[PDB]
Structure formats: C-alpha cells, structure tokens
Amino acid sequence: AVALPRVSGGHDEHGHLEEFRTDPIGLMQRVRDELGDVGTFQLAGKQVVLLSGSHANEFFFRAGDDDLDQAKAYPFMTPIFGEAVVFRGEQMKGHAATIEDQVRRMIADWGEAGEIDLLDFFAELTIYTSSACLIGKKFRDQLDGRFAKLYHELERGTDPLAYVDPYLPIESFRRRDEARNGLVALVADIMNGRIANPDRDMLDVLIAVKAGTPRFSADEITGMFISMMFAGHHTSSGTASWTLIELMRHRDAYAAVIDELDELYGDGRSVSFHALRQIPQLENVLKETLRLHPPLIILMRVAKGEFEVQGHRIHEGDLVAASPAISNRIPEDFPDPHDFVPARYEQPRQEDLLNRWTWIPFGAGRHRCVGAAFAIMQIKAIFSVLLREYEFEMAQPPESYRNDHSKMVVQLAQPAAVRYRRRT
Ligand code: HEM
Ligand SMILES: CC(C)[C@H](NC(=O)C1CCCCC1)C(=O)Nc1ccncc1
C-alpha cells in the first residue's frame, strides 16, 4: 500500500509520458538524482520502476523469465513484426568477409572526395550487412535503397505513445503500417522474380515449405525477415555512426587507430582474419562510444511477482526498467563519466569488466547480448575498410551531432554531415 518514491513533474495528461517522448534521458537521470537506485515515473496508466546502480542492476539482470518478463514489456513491436511473429563461431569469418564486401560495395561510387550523411550511409549499409549475413547474399543482392527507406519508417513507428495504444491515428503509426505493407510488396516482387528468373538462401528455404499449397505468404515471410533483422539494425547503424563521430572528435584516438590498422594489416591477412582478432585502440574507442551512446537507453520488463530491492517493494505487473544511458555514466563507477576516455578499458583499468552490473551497453547476466561478438566484429570490419581507404572530417560543429530520442528506437539525428577524401 506504500507508494514507491515518484520522480518530480509528470503533471501532463499521461503523467511522465510526454517528457519520456521528448527527453527520456533527462527524465531517467532525474529519477536517479532525486530518488537514488529505485524510483518511479508514470507512463500513462503504467508505473515504471527504474532501477540503477550496481545492486539494483544485478537484481534486474540476474532475474529469470519467471521473475521479470521481457517480451510482455514490448507490446508495441506487434504491428512491426506482424500477427504471426509470436515473440556461430564457424560462420563468423565468413560474415566478416561478407561485411567487408558490403562496405566496399557501399563506397564503390565515392570517388576521390565527397560528403555523406552518417544516418543515410550507416542505415543503408547495415541493411545490406544484416540481410546478407542473416538471410543470404542472394537475398541482399535483390535489395536496394527502397528496403532501407521502408525499414527506417518501421523503426520510426515506435513512439512511446504506443504504450497508450499502438494504433492511435497518428502519422508515425500510419507510416509504420504503410512501411510494413511496402516491405511485404518488395518481398513479394522478389519471390515473383525468383519464379521467373531462376545457390540458395533462407528465402528459398521458406518458399519451399508446403502447407501442397505453399505454407508461407509474402506477409509471413516478411515478418520473419523484419524480426530477424531488427535487433542488430538500428543498434549497429547508430554505433557505427557514433564510432566515426568520436574518432573525428578525438583526433589522437583516430591517429592511433590509423597507425594500428596500418601495422596490423601489414601481415597481409584479410579483414576476415583481422576483424576476429584484437584491434586494441579501435576496440577501446568502440567500448567508450558504447558507454557514452548506448543505442538501447532503457530496457523494459514486466514483474511476474513480488520482489524487494533496497527495501522497496516491486509488485507483479509493475513495469521494471534498467538504463544503460544512466548506468553507464554513474560517476562512482566511471571516473569522469562524461569524458571520452578509451584508456579506461586498457588492462590497468578494465572499467567494463570491473563494473559488471553498470557497464551495460550490451546488457548483463541472463540477458547479455547474444549479438555482441557479431556487432563488435562488424565495427572492426567496417572501420578496417573505411579508415584505410578514406580520411574523414566533420562538416558541421562537433557538438552538433546528436541522437533523436523521440522514439523507443533511438536514431542519429540529421544533419550528420561528414566529408571524406581518399587516403594517400
Ligand atoms: C551494437 C549493437 C547491439 C547493442 C548495443 C545491443 C544491446 C543489447 C542489450 C542492451 C541487451 C540486453 C537487453 C535486455 O536486457 O533487455 C541485448 C540482449 C540481446 N541482444 Fe543485442 N544489441 C546489439 C546487437 C545485437 C545483434 C546484432 C543481435 C542478433 C542478431 C542481438 C540480439 C540480442 C539477443 C538475442 C539478446 C538476449 C535478450 C535477453 O536474453 O535478455 N543484439 N542486446
Ligand atoms: C528495444 C527495441 C524496441 C527492440 N526490442 C525488441 O525488438 C524486442 C521486443 C520484445 C523482445 C525483446 C526485444 C530492439 O531492437 N531490441 C534489441 C536490440 C538489440 N539487442 C537486443 C534487443
């Protein structure tokens, strides 16, 4: 009957929802600043118990699906995956080679010098890497920029208003729904193309299954492919963007990465060899970029039961959340937490390893990211190519690069303009 501590503000119609839709990171920080390790905010009719700090995070991440339910906290993903999506080491070398090929293909028309937008570039690139690795090169080769454009609209369909109702007549939801129909149409044209113009991939596997009448429709197959690509797409896309931004903002780090790439590749081995082995300075830049710009800024659960955390009672049906955005910057755990300090991961400090429950850009415990090794390899492969072929400079003030946090799916904001010039 005791109310949990509640953060200030949230006097709008849906409580803190409006703030969560505009500045979720400031809201979550205020929870911690006012209340400490366990505090709440109101998301429309739902209480969110926001945990932070080592002890509370440990509870969150060590909880089994019996205690804290992940999938129930994401009902808004239903219109994205669709009705019927009811939610290896031996391959990695091949995937690194695939990634190298996709990056070379993306920069093939760059020429001597030019300008890119990082969101446009990395969003499209990572559609190709994800589709090629997860579904097949044959399928990627039947994709072009339209698939990326549509997939982006789908991701933009995750306004937190979806916690009120995911089918409200707002434009972002209408565009989410239309984008999904557009993706189904692309997949149907691909299926038809294969009939008329017959080396196999997962799409071939799915087409072959019989109910015989074919078992799966374009709609069903498309939902499967959307779901397969979702976790790794915006996360990898944003991380690649922020990696390049932070290298440009910190030229000393950029210079060290260049030297090391040039030294490492001097053994004559491929990207598929080196992307699976240490590239130390780049890896520490990546760790720091993830600490500062975690693409998942909040992680949601529904409590299945009663638990106590620091003498605060969580009850069944409470939404319960952790936040990499906030936890990754706890100043007692990460000295100078707003500063970009790749040295914090060198053997002497290992701040990622020592702070097991608060360095959480890839989660922790029971829910440690199963895609982390792939995502890390993919950054290594991408930058092994980009940084050896081209030099990059910022085309706008360094502090003006920023994320759009208005949707549950975080995206780099535009402009994110960067110039390149061939390395001599
Ligand atoms: C840089 C890219 C990525 C980041 C920052 C990231 C982040 C995370 C985070 C924060 C969690 C914990 C989720 C939670 O506790 O609710 C997680 C778990 C997970 N991620 Fe990722 N992820 C990335 C890429 C990927 C990729 C490429 C895949 C696979 C295609 C993937 C699949 C998963 C899976 C299967 C889990 C386990 C969920 C659980 O058991 O709790 N992720 N990831
Ligand atoms: C947070 C996003 C809305 C999105 N979440 C999801 O796609 C799932 C919803 C239900 C099952 C858990 C996650 C997502 O991209 N999640 C992940 C991305 C990565 N790695 C792990 C999860």
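Computed from heavy atoms alone, side chains included, the values below leave out hydrogens, waters and symmetry copies. By convention here, the first residue in the shown sequence is residue 1.
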Chemist: Okay, side chain of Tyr163, backbone of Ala73: is any donor-acceptor separation there less than 3.5 Å?
Modeler: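 Checked: pair present.
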Chemist: May I ask you to test the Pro324-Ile360 pair for a side-chain heavy-atom distance under 4.5 Å?
Modeler: yes
Chemist: Indicate yes or no: does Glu288 engage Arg291 in a salt bridge with an N to O separation below 4.0 Å.
Modeler: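 Judged by the 4.0 Å cut-off on N to carboxylate O distance, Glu288 and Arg291 do form a salt bridge.
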Chemist: For the pair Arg349 and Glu346, find out whether any cationic side-chain nitrogen is under 4.0 Å from an anionic carboxylate oxygen.
Modeler: no
Chemist: Check step by step if side chain to side chain contact (heavy atoms under 4.5 Å, CB included) holds for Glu308 and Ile314.
Modeler: CA-CA 6 Å; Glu308 203 152 89; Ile314 294 170; over 6 Å; no
Chemist: Would you mind reporting whether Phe392 and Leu247 have side-chain heavy atoms less than 4.5 Å apart?
Modeler: no
Chemist: What pairs of donor and acceptor atoms, side-chain ones from residues 43-56 against any protein atom, are under 3.5 angstrom apart with sequence neighbours left out?
Modeler:
{"from": "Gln47", "atom 1": "OE1", "to": "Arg6", "atom 2": "NH2", "distance (Å)": "3.0"}
{"from": "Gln47", "atom 1": "NE2", "to": "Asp318", "atom 2": "OD1", "distance (Å)": "3.2"}
{"from": "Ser52", "atom 1": "OG", "to": "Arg32", "atom 2": "NH1", "distance (Å)": "2.9"}

Chemist: Does atom NZ (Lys304) have a neighbourhood of more than 12 heavy atoms from anything else shown, all under 6.0 Å?
Modeler: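 Check passes, neighbour count above 12.
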Chemist: Report yes or no: does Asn181 contribute a side-chain atom to a donor-acceptor pair with the main-chain N or O of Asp177 at less than 3.5 Å?
Modeler: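 Pair found, side chain donor or acceptor close to backbone of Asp177.
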Chemist: Please indicate whether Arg388 has more than 12 foreign heavy atoms, meaning atoms of other residues, nucleotides or ligands, lying under 6.0 Å from its CZ.
Modeler: yes
Chemist: Assess whether salt bridge (charged side-chain N to carboxylate O under 4.0 Å, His left out) is satisfied between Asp201 and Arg140, documenting all intermediate values.
Modeler: CA-CA 10 Å; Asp201 64 18; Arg140 178 265 180 270; over 6 Å; no
Chemist: Identify the two heavy atoms, one from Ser384 and one from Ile279, that lie closest to each other, and give their separation to 0.1 Å.
Modeler: OG-CD1, 3.9 Å
Chemist: For residues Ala395 and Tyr401, report the shortest heavy-atom separation together with the two atoms involved.
Modeler: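 Taking every non-hydrogen atom into account, N-OH, 3.5 Å.
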Chemist: Check each of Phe383, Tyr420, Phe121 against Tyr390 using the ring pair (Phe, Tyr, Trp, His ring centres under 6.0 Å) test, and report the only one that passes.
Modeler: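 Among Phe383, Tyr420, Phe121, the one that satisfies the ring pair (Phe, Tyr, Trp, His ring centres under 6.0 Å) with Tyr390 is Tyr420.
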Chemist: Cut-off 3.5 Å, no hydrogens considered: what does the side-chain donor-acceptor table look like for residues 331-340, sequence neighbours left out?
Modeler:
{"from": "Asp333", "atom 1": "OD2", "to": "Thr358", "atom 2": "OG1", "distance (Å)": "2.8"}
{"from": "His338", "atom 1": "ND1", "to": "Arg329", "atom 2": "NH1", "distance (Å)": "3.0"}

Chemist: Assess whether a salt bridge exists between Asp69 and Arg301, defined as any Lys/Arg side-chain N lying under 4.0 Å from an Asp/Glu carboxylate O.
Modeler: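 Salt bridge: no.
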Chemist: Report yes or no: does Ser272 contribute a side-chain atom to a donor-acceptor pair with the main-chain N or O of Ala96 at less than 3.5 Å?
Modeler: no
Chemist: Is there side-chain contact between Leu299 and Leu296, with heavy atoms separated by less than 4.5 Å?
Modeler: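 The answer is yes; the side chains approach within 4.5 Å.
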Chemist: Check for me whether the distance between the ring centres of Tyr151 and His233 falls short of 6.0 Å.
Modeler: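 That pair passes the under 6.0 Å test.
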Chemist: Between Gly10 and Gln42, what is the shortest heavy-atom contact and its length?
Modeler: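 Shortest heavy-atom contact: O-OE1, 4.3 Å.
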Chemist: Donor-acceptor pair, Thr158 side chain versus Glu155 backbone, under 3.5 Å?
Modeler: yes
Chemist: Report yes or no: does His293 contribute a side-chain atom to a donor-acceptor pair with the main-chain N or O of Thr239 at less than 3.5 Å?
Modeler: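 Flag not set: sc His293 to bb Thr239 has no pair under 3.5 Å.
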Chemist: Could you please spell out the steps behind the side chain to side chain contact (heavy atoms under 4.5 Å, CB included) verdict for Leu154 and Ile226?
Modeler: CA-CA 9 Å; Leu154 209 56; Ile226 289 163; 3.7 Å; yes
Chemist: Is it true that a side-chain atom of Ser323 and a backbone atom of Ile297 form a donor plus acceptor pair closer than 3.5 Å?
Modeler: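 Looks like yes, one N/O pair under 3.5 Å.
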Chemist: Hey, are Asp204 and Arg194 close enough for a salt bridge, meaning a charged N less than 4.0 Å from a carboxylate O?
Modeler: yes
Chemist: Stepwise, does the side chain to side chain contact (heavy atoms under 4.5 Å, CB included) test hold for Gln70 with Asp65?
Modeler: CA-CA 7 Å; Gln70 185 182 42; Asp65 295 53; 5.6 Å; no
Chemist: Any salt bridge linking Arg175 with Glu178? Criterion: basic side-chain nitrogen under 4.0 Å from a carboxylate oxygen.
Modeler: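 No, no charged N to carboxylate O under 4.0 Å.
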Chemist: Using a strict threshold of under 4.0 Å (side-chain N to carboxylate O), is an ion pair present between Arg104 and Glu389?
Modeler: yes
Chemist: Going by heavy atoms in the side chains, are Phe20 and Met408 under 4.5 Å from each other?
Modeler: yes
Chemist: May I ask you to say whether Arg421 pairs ionically with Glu391, meaning some side-chain N is under 4.0 Å from a carboxylate O?
Modeler: no
Chemist: Report, as yes or no, whether the 6.0 Å neighbourhood of atom CD on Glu393 holds more than 12 heavy atoms from other residues, nucleotides or ligands.
Modeler: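 Check fails, neighbour count at 12 or below.
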Chemist: Determine, using ring centers only, whether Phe139 and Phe225 are less than 6.0 Å apart.
Modeler: yes
Chemist: Search all heavy atoms of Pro361 against all heavy atoms of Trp359 and return the closest pair with its distance.
Modeler: CD-C, 3.3 Å
Chemist: Where the side chain of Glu34 meets the backbone of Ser8, is there a donor-acceptor pair that is under 3.5 Å apart?
Modeler: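 Yes, because the side chain of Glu34 sits within donor-acceptor range (under 3.5 Å) of the backbone of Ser8.
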Chemist: Check the pair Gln29 / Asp33 against side-chain hydrogen bond (donor to acceptor under 3.5 Å, both in side chains), numbers first and verdict last.
Modeler: CA-CA 6 Å; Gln29 191 61 56; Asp33 291 348; 2.8 Å; yes
Chemist: Donor-acceptor pair, distance only, cut-off 3.5 Å: does the side chain of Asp404 make one with the backbone of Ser406?
Modeler: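 Indeed, once roles are kept as given, a pair shorter than 3.5 Å links the two residues.
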Chemist: Take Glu283 and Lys380, measure what salt bridge (charged side-chain N to carboxylate O under 4.0 Å, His left out) needs, and give me the verdict at the end.
Modeler: CA-CA 8 Å; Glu283 280 173 46; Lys380 285 190 212 170; 2.9 Å; yes
Chemist: Can you tell if the side chain of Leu186 reaches within under 4.5 Å of the side chain of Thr222, non-hydrogen atoms only?
Modeler: no
Chemist: Does the pair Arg30/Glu19 count as a salt bridge with the N-to-O cut at 4.0 Å?
Modeler: yes
Chemist: How far apart are the closest heavy atoms of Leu4 and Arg313, and which atoms are they?
Modeler: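 Heavy atoms of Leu4 and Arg313 come nearest at CD2-O, 3.3 Å.
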Chemist: Can you tell if the side chain of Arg419 reaches within under 4.5 Å of the side chain of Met394, non-hydrogen atoms only?
Modeler: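 No. Closest side-chain heavy atoms not under 4.5 Å.
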Chemist: With sequence neighbours excluded, tell me which residues meet side-chain contact (heavy atoms from CB on, under 4.5 Å) with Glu90.
Modeler: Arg88
Chemist: Is there a side chain to side chain contact (heavy atoms under 4.5 Å, CB included) between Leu319 and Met300 once you walk through the steps?
Modeler: CA-CA 7 Å; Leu319 273 177; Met300 308 297 301; 4.0 Å; yes
Chemist: Do you know the tightest heavy-atom contact between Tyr167 and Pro79?
Modeler: OH-CD, 3.9 Å
Chemist: Are the side chain of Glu246 and the backbone N or O of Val285 linked by a donor-acceptor pair below 3.5 Å?
Modeler: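 Checked: no pair found.
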Chemist: Got a salt bridge between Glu153 and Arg176, using NZ or NE/NH1/NH2 to carboxylate O under 4.0 Å?
Modeler: no
Chemist: When you look at CE of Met248, are more than 12 heavy atoms from neighbouring residues, nucleotides or ligands closer to it than 6.0 Å?
Modeler: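 More than 12 within 6.0 Å, yes.
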Chemist: Can you check whether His16's main-chain N or O pairs, donor with acceptor, with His11's side chain at less than 3.5 Å?
Modeler: no
